[PDB]
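The block underneath contains the structure these notes are about, expressed in structure tokens.
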Amino acid sequence: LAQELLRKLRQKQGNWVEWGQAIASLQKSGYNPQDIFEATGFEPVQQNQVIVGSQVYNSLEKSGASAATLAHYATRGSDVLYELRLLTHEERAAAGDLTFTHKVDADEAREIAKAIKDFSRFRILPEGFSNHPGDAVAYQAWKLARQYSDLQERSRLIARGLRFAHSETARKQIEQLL
Amino acid sequence: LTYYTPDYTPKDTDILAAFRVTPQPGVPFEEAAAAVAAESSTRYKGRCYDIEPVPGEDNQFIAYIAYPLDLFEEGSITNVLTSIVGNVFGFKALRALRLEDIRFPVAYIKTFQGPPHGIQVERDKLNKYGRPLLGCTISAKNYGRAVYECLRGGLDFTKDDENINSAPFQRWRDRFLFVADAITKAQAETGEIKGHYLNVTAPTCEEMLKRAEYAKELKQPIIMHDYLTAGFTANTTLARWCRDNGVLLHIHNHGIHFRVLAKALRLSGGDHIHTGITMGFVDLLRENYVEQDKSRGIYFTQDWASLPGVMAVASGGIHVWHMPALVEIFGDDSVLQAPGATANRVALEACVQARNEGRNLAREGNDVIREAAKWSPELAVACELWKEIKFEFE
Amino acid sequence: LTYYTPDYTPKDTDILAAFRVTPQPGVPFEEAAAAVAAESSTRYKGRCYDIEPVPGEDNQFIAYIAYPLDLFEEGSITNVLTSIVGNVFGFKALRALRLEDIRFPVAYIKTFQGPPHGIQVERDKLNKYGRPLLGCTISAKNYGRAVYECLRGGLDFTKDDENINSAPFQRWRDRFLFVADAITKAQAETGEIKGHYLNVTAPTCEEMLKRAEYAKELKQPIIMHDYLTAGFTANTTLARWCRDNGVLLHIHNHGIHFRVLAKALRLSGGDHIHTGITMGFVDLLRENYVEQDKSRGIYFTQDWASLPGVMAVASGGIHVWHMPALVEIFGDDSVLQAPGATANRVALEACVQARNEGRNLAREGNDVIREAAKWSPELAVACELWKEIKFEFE
Amino acid sequence: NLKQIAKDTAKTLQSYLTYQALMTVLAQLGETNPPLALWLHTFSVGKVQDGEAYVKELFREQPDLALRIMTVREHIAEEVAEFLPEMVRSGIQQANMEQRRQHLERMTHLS
């Protein structure tokens, strides 16, 4: 009797991971996605963001995140957690905490998930940085700020460089720019 | 020597070029760059404002030339590519010369209309969402019978490539029907909508206007041709046949680098073009804003300022077993190239769910191909055909 | 209240408005401005970033609202004037509301094509260079006989103004010939080329397409109509009849100030429009760059970035004796309104040479009119008719 | 090209030179500290390639013996790796003499 997962959607019953998981039930019982929108108000383009989000949020509380991150990402903050899809199971919950505090938008957490991707693509840690994503986006913001030889152009990358840098050794590398 | 003023900041609205220059023996680095910015154009003159060198390579230096805004015609790629590098490749005082980059302003990008269809607009008639595409290259009836059985394995389209025009054994009209009659017998029998990409190349353009009005009468999907042996002038009479019809989007030491050729081709038009630096222009066709990465060939900074993206085509060859290596690098928004066609769709669809679990698809790619053999006999054959060649010589 | 973020600098590419607001009693200055920036539009929202007051006037404050770039359609004045002030004039929480200014970006100005003809392009068929122009307003034969003798005194054109359409006493066709037959008899007999500006106003536009194809067949000069009882939509079907023909350029407490209406009308089109603040928009129609003059109504800064200028029309009335007062203020590049017509050309042509000697034409203006009476009998009559009214009561 | 080759060759033989590093330590600790050789032999079997990125995993659990492996990259990589030039091309000429002979072995079989 899978029709009671048809009912909990046009009544607005639950929160967004509760719909993010009830879709993948119905996507394992022979459903064409095209006809899912006929009885429930979500086209599978819009369902696509909460499939992958609940495929992240089951990994967010798994990998040891804090309480307030697991409180607000139960209710709001949807498409940011769609953008952490290109990571692994081990570093998403480290970034779910970090992209909550700064209240970043869709496109900014797009590139933070890109910056932690290349910082973890490396076989080697670069100088003065650790495993935290606050060091990841402050490594790129310093690696791409060495190339300016001008003072009043690099502080666009130093204010953001002093916005994320997590350990104190990663704070000194930003301080050499000044 | 008023063509070299390094005491100058290039404005917010200037057009702005680079050049990886290599001069003859004894030729200084400061007069070869004034030999470029002056002989391009003729307050109406370009000025080489910077002279940065290149470390550990054959005597190159990076010349930053800044042309004004008004020097050029609004909405033209032929003008920009010709008033800049007209007779500048023709000097003997240089050993080589390449054109690595161009910054268009925000003010000049939005004169152009761009690609007709984007990362959003492509999914309307194309029934594929959130997963990349597939398509393989192919008398007259027997030619129609072969595409009749390639699309029946998972190929999202096929390719009438390798230059099949109307020869005396296989005319142009009797090839269109038999690969239109071969779509109507695979649309319903496979549950999806597929095209067969067909050449429109003719001697004239009046004949080319008949090889594209016959194709889509209301008959037929989105059907393309090239840019070589053709121009940004030849493919403007038919890329703007997509301004009525939505029908042609695939474009199939001493030079001009491809990322200049890719700025010229988004702004001209088309929805997915064929091709750190491999990652470089594929973050120009797809992104909105790109900050300056000198180790990627991206020497400038220009936001694209709300204009439709364009995807990429796989350009390495046959790839049947080397499937998860492409899925990470080109991402979601790209396009890739009947038992031999059913092995292609299965290896593509499998990896995408093992990415979304959180499994590191870079360090695990082959085992995802191996677990997909236990329900697919066409991947049982292919993995043995490809290469396991290694070295453990430590 | 996310529609008021004063912690924000408006970007290089934002669209940027002002408003001279006046609220009801007790209504704060910070919520009336969020009552404007929010109910205009609906990252896609305008934000009032500044709240500056007005000294010594009835409780006004200047609201600086910043809409994004992408919010609007490229090349449209109807959209910009409607998505901004659609239902914002319809509140009861304000006593008044005016729209004093708009900054268009550099990126959005050069989407538009602008006036077809400028301060340069007007001098091609118009045979007048470096000196302003002259033109006076006028059965069917007897109407043709009167313009037959106004242009024969120096009038560079004439005006079929005060709304003469086809009435049952004077039809539309039998007015065009008799003021075309009256140009062919004054072009050669006076040594210059003159037009007679004629109305094209019809009920339909299919009839208006016949009142403008008959006028210039190849018959006739540059011939205009209005903007009121008409739109930026009505005069787009015929201002782009100047994109083939070069033929229609003259445009003849609680509101919208004229300098908003003048940005809307250069960018739409036309070569000389009818109208510190009188000096204000006439340094917007004619200039390239204008820096912020808060005591002139020019509250913003935007370079026009290479787009054709547009001149001004004298708007005070009959001016026969008050000639050198207009020549300084509107300058060279403007337009002004048979014995009674020969007094007009003489008083204009005389002052211009006494400016170029170096004589201060402001503090000397009447004596230049008086010395031009000793070779012209038509200026002997006019200076006695006008006003010498003074007060020496010290 | 060749710089694609030569930079790939630079890391391969390096990882081979960091193996003779680990083997010199291996015979050394079979004489000084036989408990330390029996535990180094336990970690050695783990099938981990990339000798440069193999010593980094040694610093994770044992930051000290990974310096003695590194020590001979200055000391034993000078008596092994600078003798490579005069000792490749001699073997190339030998393979030009070992293998040209069997073109004659088929020819005598064809004789």
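All residue names refer to the structure tokens as shown: chains lettered A, B, ... in order, residues numbered from 1 in each chain, ligands numbered from 1 in order.
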message: Taking only C-alpha atoms into account and nothing else, which residues of chain B lie no more than 9 Å away from chain A? Please answer as a ChimeraX atom specification.
response: /B:129-130,291-294,328,331,355-361
Go ahead and write the selection's residues with C-alpha atoms as an mmCIF file, in the first residue's frame.
data_model
loop_
_atom_site.group_PDB
_atom_site.id
_atom_site.type_symbol
_atom_site.label_atom_id
_atom_site.label_comp_id
_atom_site.auth_asym_id
_atom_site.auth_seq_id
_atom_site.Cartn_x
_atom_site.Cartn_y
_atom_site.Cartn_z
ATOM 1 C CA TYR B 129 18.289 14.897 -17.436
ATOM 2 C CA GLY B 130 21.175 14.845 -14.958
ATOM 3 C CA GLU B 291 39.179 33.838 -11.411
ATOM 4 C CA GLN B 292 42.718 34.032 -12.740
ATOM 5 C CA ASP B 293 44.527 30.674 -12.786
ATOM 6 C CA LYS B 294 47.934 31.189 -14.364
ATOM 7 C CA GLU B 328 34.418 12.617 -12.936
ATOM 8 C CA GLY B 331 31.092 15.861 -14.791
ATOM 9 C CA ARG B 355 29.085 8.345 -6.913
ATOM 10 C CA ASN B 356 25.993 9.477 -5.042
ATOM 11 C CA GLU B 357 26.445 6.918 -2.273
ATOM 12 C CA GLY B 358 29.710 8.660 -1.409
ATOM 13 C CA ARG B 359 32.125 6.075 -2.792
ATOM 14 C CA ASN B 360 35.295 7.676 -4.123
ATOM 15 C CA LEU B 361 34.814 6.955 -7.812
#
Residues of chain D at most 10 Å from chain B: nearest atom pair and distance in Å, only C-alpha atoms, as CSV:
residue,atom,partner,partner_atom,distance
D:12,CA,B:394,CA,7.8
D:13,CA,B:394,CA,7.7
D:14,CA,B:394,CA,8.7
D:15,CA,B:394,CA,5.7
D:16,CA,B:394,CA,4.2
D:17,CA,B:394,CA,7.7
D:18,CA,B:394,CA,7.8
D:19,CA,B:394,CA,5.8
D:20,CA,B:394,CA,8.6
D:47,CA,B:392,CA,9.4
D:48,CA,B:394,CA,9.6
D:49,CA,B:394,CA,6.9
D:50,CA,B:394,CA,7.6
D:51,CA,B:394,CA,7.2
Selected residues written out, N, CA, C and O atoms, as a compact mmCIF listing (two decimals), in the first residue's frame:
# COMPACT_ATOMS: atom_id res chain seq x y z
N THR D 12 59.25 6.88 -11.43
CA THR D 12 59.23 5.42 -11.38
C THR D 12 60.49 4.87 -10.72
O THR D 12 60.43 4.09 -9.77
N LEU D 13 61.64 5.29 -11.24
CA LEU D 13 62.92 4.81 -10.74
C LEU D 13 63.23 5.40 -9.38
O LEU D 13 63.95 4.78 -8.59
N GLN D 14 62.71 6.60 -9.10
CA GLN D 14 62.76 7.18 -7.76
C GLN D 14 62.12 6.26 -6.73
O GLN D 14 62.72 5.97 -5.69
N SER D 15 60.91 5.79 -7.03
CA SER D 15 60.24 4.81 -6.17
C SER D 15 61.01 3.49 -6.11
O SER D 15 60.94 2.77 -5.11
N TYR D 16 61.75 3.17 -7.17
CA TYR D 16 62.66 2.03 -7.10
C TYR D 16 63.89 2.35 -6.26
O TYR D 16 64.42 1.47 -5.57
N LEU D 17 64.37 3.60 -6.31
CA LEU D 17 65.52 3.98 -5.50
C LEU D 17 65.15 4.12 -4.03
O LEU D 17 66.02 4.02 -3.16
N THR D 18 63.86 4.37 -3.73
CA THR D 18 63.43 4.39 -2.33
C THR D 18 63.09 2.99 -1.83
O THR D 18 62.73 2.82 -0.67
N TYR D 19 63.18 1.99 -2.71
CA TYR D 19 63.05 0.61 -2.26
C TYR D 19 64.40 0.08 -1.79
O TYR D 19 64.48 -0.57 -0.74
N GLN D 20 65.46 0.35 -2.55
CA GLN D 20 66.81 0.00 -2.13
C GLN D 20 67.22 0.77 -0.89
O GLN D 20 68.10 0.34 -0.14
N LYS D 47 51.86 -4.49 0.40
CA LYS D 47 51.65 -4.31 -1.04
C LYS D 47 51.40 -2.84 -1.41
O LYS D 47 50.60 -2.53 -2.29
N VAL D 48 52.11 -1.94 -0.75
CA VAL D 48 51.89 -0.51 -0.97
C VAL D 48 53.00 0.02 -1.87
O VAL D 48 54.18 0.01 -1.50
N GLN D 49 52.61 0.50 -3.05
CA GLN D 49 53.51 1.07 -4.05
C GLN D 49 53.82 2.53 -3.71
O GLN D 49 53.48 3.01 -2.62
N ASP D 50 54.45 3.23 -4.66
CA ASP D 50 54.74 4.67 -4.60
C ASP D 50 55.59 5.01 -3.38
O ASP D 50 55.12 5.60 -2.40
N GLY D 51 56.85 4.56 -3.43
CA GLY D 51 57.86 4.75 -2.40
C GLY D 51 57.98 6.12 -1.76
O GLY D 51 58.25 6.22 -0.56
field: In region 165-279 of chain B, DSSP strand (DSSP E or B) residues written as JSON, numbers by chain
entry: {"B": [167, 170, 197, 250, 251, 256, 272, 273]}
Do you have, as JSON lines, the list of residues of chain A lying at most 12 Å from chain D, each with its nearest atom pair and that distance in Å to one decimal, counting only C-alpha atoms and ordered by chain then number?
{"residue": "A:122", "atom": "CA", "partner": "D:53", "partner_atom": "CA", "distance": 11.7}
{"residue": "A:123", "atom": "CA", "partner": "D:53", "partner_atom": "CA", "distance": 8.0}
{"residue": "A:124", "atom": "CA", "partner": "D:53", "partner_atom": "CA", "distance": 8.6}
{"residue": "A:125", "atom": "CA", "partner": "D:56", "partner_atom": "CA", "distance": 11.0}
- request: Could you please tell me, as an NGL selection string, which residues of chain C have an atom within 10 Å of chain B when using only C-alpha atoms?
  value: :C and (12-13 or 69-70 or 74 or 105-112 or 305-306)
Save out the residues we just selected, N, CA, C and O atoms, as a CSV table (one decimal), in the first residue's frame.
chain,number,residue,atom,x,y,z
C,12,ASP,N,29.1,47.8,-10.5
C,12,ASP,CA,29.4,48.4,-11.7
C,12,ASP,C,28.4,48.2,-12.8
C,12,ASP,O,28.3,49.0,-13.7
C,13,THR,N,27.5,47.2,-12.6
C,13,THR,CA,26.6,46.8,-13.6
C,13,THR,C,25.2,46.9,-13.2
C,13,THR,O,24.3,46.5,-13.9
C,69,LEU,N,21.2,43.6,-12.9
C,69,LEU,CA,21.3,43.7,-14.4
C,69,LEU,C,20.3,42.8,-15.1
C,69,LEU,O,19.6,43.3,-16.0
C,70,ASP,N,20.2,41.6,-14.7
C,70,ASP,CA,19.5,40.5,-15.4
C,70,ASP,C,18.0,40.7,-15.3
C,70,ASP,O,17.3,40.0,-16.0
C,74,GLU,N,16.9,43.1,-22.7
C,74,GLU,CA,17.9,43.9,-23.5
C,74,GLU,C,17.2,44.7,-24.5
C,74,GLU,O,16.4,44.2,-25.3
C,105,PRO,N,23.7,51.2,-16.9
C,105,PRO,CA,25.1,50.8,-16.9
C,105,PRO,C,25.8,51.0,-18.3
C,105,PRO,O,25.1,51.5,-19.2
C,106,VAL,N,27.1,50.7,-18.4
C,106,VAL,CA,27.7,50.8,-19.7
C,106,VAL,C,27.3,49.5,-20.4
C,106,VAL,O,27.1,49.5,-21.6
C,107,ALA,N,27.1,48.5,-19.6
C,107,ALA,CA,26.7,47.2,-20.2
C,107,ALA,C,25.3,47.1,-20.8
C,107,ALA,O,25.1,46.3,-21.7
C,108,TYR,N,24.5,48.0,-20.3
C,108,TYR,CA,23.1,48.0,-20.8
C,108,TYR,C,22.8,49.1,-21.8
C,108,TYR,O,21.9,48.9,-22.6
C,109,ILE,N,23.6,50.1,-21.8
C,109,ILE,CA,23.4,51.2,-22.8
C,109,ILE,C,23.7,50.7,-24.2
C,109,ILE,O,22.9,50.9,-25.2
C,110,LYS,N,24.8,49.9,-24.4
C,110,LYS,CA,25.2,49.5,-25.7
C,110,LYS,C,24.5,48.2,-26.1
C,110,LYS,O,25.0,47.6,-27.1
C,111,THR,N,23.5,47.8,-25.5
C,111,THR,CA,22.5,46.9,-26.1
C,111,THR,C,21.6,47.6,-27.1
C,111,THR,O,21.3,47.1,-28.1
C,112,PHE,N,21.3,48.9,-26.7
C,112,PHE,CA,20.4,49.7,-27.5
C,112,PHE,C,21.2,50.3,-28.7
C,112,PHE,O,22.4,50.3,-28.7
C,305,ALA,N,29.2,56.3,-23.3
C,305,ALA,CA,30.0,55.3,-23.9
C,305,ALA,C,29.8,55.2,-25.4
C,305,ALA,O,29.3,54.1,-25.9
C,306,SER,N,30.1,56.2,-26.1
C,306,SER,CA,30.1,56.3,-27.6
C,306,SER,C,28.7,56.0,-28.2
C,306,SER,O,28.5,54.9,-28.8
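For the choices C:92, C:194, C:211, C:175, the atom-to-atom distance to residue 134 (chain C) is smallest for C:194 when using only C-alpha atoms.
For residue 28 (chain C), the list of residues within 12 Å, based on only C-alpha atoms and with local chain neighbours fewer than 2 positions off taken out, reads residues 21, 22, 23, 24, 25, 26, 30, 31, 32, 33, 34, 35, 51, 59, 60, 61, 93 and 94 of chain C.
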Members of chain D assigned alpha helix (DSSP H) by DSSP, as a ChimeraX atom specification: /D:3-29,34-44,51-61,65-75,85-98,101-110
Residue 37 (chain D) environment, 12 Å, only C-alpha atoms, sequence neighbours closer than 2 positions dropped, as a list in words: residues 22, 23, 24, 25, 26, 27, 28, 29, 30, 31, 32, 33, 34, 35, 39, 40, 41, 42, 43, 44 and 65 of chain D
Next, the residues of the selection above should be written as a PDB file, in the first residue's frame with C-alpha atoms.
ATOM      1  CA  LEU D  22      64.180   0.357   2.507  1.00  0.00           C
ATOM      2  CA  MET D  23      66.180  -2.795   1.736  1.00  0.00           C
ATOM      3  CA  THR D  24      69.418  -1.253   3.035  1.00  0.00           C
ATOM      4  CA  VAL D  25      67.545  -0.463   6.249  1.00  0.00           C
ATOM      5  CA  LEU D  26      66.159  -4.018   6.170  1.00  0.00           C
ATOM      6  CA  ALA D  27      69.546  -5.760   6.230  1.00  0.00           C
ATOM      7  CA  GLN D  28      70.810  -3.143   8.702  1.00  0.00           C
ATOM      8  CA  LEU D  29      68.108  -3.870  11.278  1.00  0.00           C
ATOM      9  CA  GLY D  30      68.534  -7.624  11.006  1.00  0.00           C
ATOM     10  CA  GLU D  31      71.871  -7.077  12.806  1.00  0.00           C
ATOM     11  CA  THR D  32      71.225  -4.228  15.281  1.00  0.00           C
ATOM     12  CA  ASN D  33      67.579  -4.522  16.407  1.00  0.00           C
ATOM     13  CA  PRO D  34      66.020  -7.884  15.389  1.00  0.00           C
ATOM     14  CA  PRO D  35      62.679  -6.882  16.973  1.00  0.00           C
ATOM     15  CA  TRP D  39      58.154  -5.486  12.721  1.00  0.00           C
ATOM     16  CA  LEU D  40      59.486  -3.716   9.631  1.00  0.00           C
ATOM     17  CA  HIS D  41      59.018  -6.996   7.756  1.00  0.00           C
ATOM     18  CA  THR D  42      55.390  -7.065   8.936  1.00  0.00           C
ATOM     19  CA  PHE D  43      54.624  -3.655   7.415  1.00  0.00           C
ATOM     20  CA  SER D  44      56.651  -4.462   4.278  1.00  0.00           C
ATOM     21  CA  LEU D  65      62.780   5.281  10.827  1.00  0.00           C
TER      22      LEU D  65
END
field: Selection: 12 Å around residue 42 (chain A), only C-alpha atoms, excl. self and same-chain fewer than 3 positions, as a ChimeraX atom specification
entry: /A:6,9-10,12,16,19-20,23,33-39,45-51
For N, CA, C and O atoms, I'd like the residues from the last selection saved as an mmCIF file, in the first residue's frame.
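Saved file out_21.cif follows:
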data_model
loop_
_atom_site.group_PDB
_atom_site.id
_atom_site.type_symbol
_atom_site.label_atom_id
_atom_site.label_comp_id
_atom_site.auth_asym_id
_atom_site.auth_seq_id
_atom_site.Cartn_x
_atom_site.Cartn_y
_atom_site.Cartn_z
ATOM 1 N N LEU A 6 1.873 8.785 -1.554
ATOM 2 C CA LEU A 6 1.286 9.775 -2.445
ATOM 3 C C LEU A 6 0.546 10.846 -1.655
ATOM 4 O O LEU A 6 0.342 11.959 -2.151
ATOM 5 N N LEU A 9 2.490 14.272 0.480
ATOM 6 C CA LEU A 9 3.194 15.268 -0.294
ATOM 7 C C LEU A 9 2.322 16.483 -0.587
ATOM 8 O O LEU A 9 2.758 17.619 -0.388
ATOM 9 N N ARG A 10 1.091 16.272 -1.042
ATOM 10 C CA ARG A 10 0.164 17.362 -1.306
ATOM 11 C C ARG A 10 -0.545 17.840 -0.051
ATOM 12 O O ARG A 10 -1.433 18.692 -0.142
ATOM 13 N N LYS A 12 1.691 18.522 2.589
ATOM 14 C CA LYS A 12 2.896 19.087 3.217
ATOM 15 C C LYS A 12 3.155 18.454 4.584
ATOM 16 O O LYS A 12 3.184 19.134 5.611
ATOM 17 N N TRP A 16 11.891 18.270 4.519
ATOM 18 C CA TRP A 16 12.326 18.026 3.151
ATOM 19 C C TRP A 16 13.152 16.761 2.982
ATOM 20 O O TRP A 16 13.191 16.209 1.878
ATOM 21 N N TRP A 19 10.501 13.970 2.639
ATOM 22 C CA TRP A 19 10.178 13.734 1.239
ATOM 23 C C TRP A 19 11.375 13.285 0.438
ATOM 24 O O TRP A 19 11.199 12.553 -0.535
ATOM 25 N N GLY A 20 12.584 13.681 0.835
ATOM 26 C CA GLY A 20 13.778 13.246 0.138
ATOM 27 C C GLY A 20 14.056 11.760 0.231
ATOM 28 O O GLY A 20 14.860 11.237 -0.546
ATOM 29 N N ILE A 23 10.675 9.508 -1.793
ATOM 30 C CA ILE A 23 10.720 9.378 -3.242
ATOM 31 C C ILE A 23 11.457 8.110 -3.626
ATOM 32 O O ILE A 23 10.971 7.317 -4.440
ATOM 33 N N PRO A 33 9.540 8.138 -13.619
ATOM 34 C CA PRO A 33 9.552 9.484 -13.015
ATOM 35 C C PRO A 33 8.578 10.472 -13.644
ATOM 36 O O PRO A 33 7.965 11.245 -12.899
ATOM 37 N N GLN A 34 8.380 10.428 -14.973
ATOM 38 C CA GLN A 34 7.506 11.369 -15.688
ATOM 39 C C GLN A 34 6.084 11.398 -15.137
ATOM 40 O O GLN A 34 5.479 12.468 -14.996
ATOM 41 N N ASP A 35 5.552 10.234 -14.773
ATOM 42 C CA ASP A 35 4.215 10.166 -14.212
ATOM 43 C C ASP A 35 4.185 10.337 -12.705
ATOM 44 O O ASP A 35 3.101 10.251 -12.127
ATOM 45 N N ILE A 36 5.326 10.567 -12.048
ATOM 46 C CA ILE A 36 5.265 10.806 -10.607
ATOM 47 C C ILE A 36 4.634 12.168 -10.321
ATOM 48 O O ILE A 36 3.854 12.319 -9.369
ATOM 49 N N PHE A 37 4.861 13.144 -11.199
ATOM 50 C CA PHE A 37 4.354 14.503 -11.041
ATOM 51 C C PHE A 37 2.830 14.610 -11.187
ATOM 52 O O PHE A 37 2.257 15.646 -10.827
ATOM 53 N N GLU A 38 2.147 13.559 -11.645
ATOM 54 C CA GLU A 38 0.716 13.670 -11.914
ATOM 55 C C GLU A 38 -0.096 13.713 -10.625
ATOM 56 O O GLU A 38 -1.097 14.430 -10.535
ATOM 57 N N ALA A 39 0.324 12.969 -9.607
ATOM 58 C CA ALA A 39 -0.429 12.968 -8.356
ATOM 59 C C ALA A 39 0.262 13.745 -7.242
ATOM 60 O O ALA A 39 -0.406 14.201 -6.306
ATOM 61 N N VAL A 45 12.742 16.767 -11.801
ATOM 62 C CA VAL A 45 13.818 17.738 -11.703
ATOM 63 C C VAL A 45 13.886 18.290 -10.284
ATOM 64 O O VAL A 45 14.971 18.416 -9.705
ATOM 65 N N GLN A 46 12.733 18.591 -9.687
ATOM 66 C CA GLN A 46 12.722 19.096 -8.318
ATOM 67 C C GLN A 46 12.917 17.963 -7.310
ATOM 68 O O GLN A 46 13.455 18.175 -6.217
ATOM 69 N N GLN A 47 12.498 16.744 -7.667
ATOM 70 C CA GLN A 47 12.790 15.585 -6.833
ATOM 71 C C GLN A 47 14.266 15.249 -6.877
ATOM 72 O O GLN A 47 14.793 14.652 -5.940
ATOM 73 N N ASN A 48 14.948 15.647 -7.952
ATOM 74 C CA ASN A 48 16.351 15.300 -8.141
ATOM 75 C C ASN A 48 17.224 15.972 -7.098
ATOM 76 O O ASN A 48 18.285 15.455 -6.733
ATOM 77 N N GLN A 49 16.780 17.116 -6.589
ATOM 78 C CA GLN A 49 17.563 17.841 -5.606
ATOM 79 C C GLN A 49 17.422 17.243 -4.212
ATOM 80 O O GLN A 49 18.358 17.337 -3.408
ATOM 81 N N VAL A 50 16.312 16.569 -3.921
ATOM 82 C CA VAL A 50 16.112 16.007 -2.591
ATOM 83 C C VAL A 50 16.412 14.508 -2.511
ATOM 84 O O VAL A 50 16.585 13.993 -1.399
ATOM 85 N N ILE A 51 16.463 13.798 -3.641
ATOM 86 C CA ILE A 51 17.063 12.465 -3.655
ATOM 87 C C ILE A 51 18.498 12.556 -3.176
ATOM 88 O O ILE A 51 18.891 11.934 -2.185
#
message: Between CA of residue 11 (chain C) and CA of residue 115 (chain C), what is the distance in Å, rounded to a tenth?
response: 27.4 Å
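Between CA of residue 149 (chain C) and CA of residue 131 (chain C) there is a distance of 22.6 Å.
Distance-wise, CA of residue 265 (chain C) and CA of residue 289 (chain C) end up 17.8 Å apart.
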